[PDB]
Amino acid sequence: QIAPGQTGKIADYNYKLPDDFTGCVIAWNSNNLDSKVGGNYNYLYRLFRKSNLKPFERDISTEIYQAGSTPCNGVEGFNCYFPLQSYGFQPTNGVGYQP
Amino acid sequence: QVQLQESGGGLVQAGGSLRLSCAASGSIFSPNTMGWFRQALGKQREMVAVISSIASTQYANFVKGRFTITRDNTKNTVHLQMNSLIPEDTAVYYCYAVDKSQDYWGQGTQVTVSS
């Protein structure tokens with residue numbers, strides 16, 4: 001999902017790359033560096049936003065999103081969720097779920 | 001070296017009250033986010049609460065309506081009011097500066113409640 005012209009929860013709700021990129025994306029397997037036995041939940045991920053980003057936009061707002069019609073007022077509940085879930089990075093995870 | 005000082009825990013009987021504090025020094029650029037996280041021996045970090053620069057307060061469903069965060073703009077510090085305590089709250093807490101760059105965690109505050 002880290003490449004220009006793509007979509008997905010990361011490409012749309014984390015970090016948008018414009019269709020006219022000039023540059024390089026490079027990553028390496030961090031299984032033995034970032035995973036712990038009990039799960040490394042220090043890396044947080046959003047699934048919900050009001051709208052898609054603009055390229056190179058960074059939103060660190062933690063505002064609780066209103067899934068329903070009633071306002072949340074910063075309090076979770078019915079149809080109210082935090083932006084950030086945690087990722088279960090473990091050394092026994094499969095390649096797809098590895099860091 | 002961004003350093004956050006933790007204080008205000010200890011031993012309290014069921015139903016008591018405490019006031020924890022994280023005071024932040026170092027870089028901590030203006031758009032920061034101060035959170036508090038729970039860990040009991042045998043579990044991982046449980047997210048307790050969060051305040052951003054917007055001053056909005058966010059709390060988990062575990063402790064609904066029982067704990068509060070107070071924000072001090074002058075010293076940019078945070079005080080967590082621990083009220084209506086219950087032995088399910090027996091867990092060391094750590095506070096978390098989201099900031100804009102490298103994140104920094106706490107040294108811990110022992111919170112114990114039992115009878």
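Please note: Cβ atoms are built from the backbone with ideal geometry, for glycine as well, and neighbour counts cover all protein chains shown. None of the figures in this text is laboratory data; all of them are computed from the coordinates on show.
Ordering B:103-109, B:73-79 by mean Cβ neighbour count within 10 Å, with the highest value first, yields B:103-109, B:73-79.
Inter-chain Cβ neighbour count for B:40-53, averaged per residue, equals 3 (cutoff 10 Å, partner chain atoms only).
Residues whose amide H falls under 5 Å from that of B:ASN76, counting only those 5 or more places apart or on a different chain, are absent, with hydrogens built in the peptide plane. Per residue of peptide B:77-89, the mean number of Cβ atoms on other chains within 10 Å of the residue Cβ is 0.
FRET efficiency for the pair A:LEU33 and B:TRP105, taken as 1/(1 + (r/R0)^6) with r the Cβ-Cβ distance and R0 = 22 Å, rounds to 0.80.
In nm, to one decimal, how far is the B:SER84 label point from the A:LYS54 one, both placed 7 Å along Cα→Cβ? It is 4.4 nm.
Listed from fewest to most Cβ neighbours within 10 Å, the set B:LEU20, A:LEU44 follows the order A:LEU44, B:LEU20.
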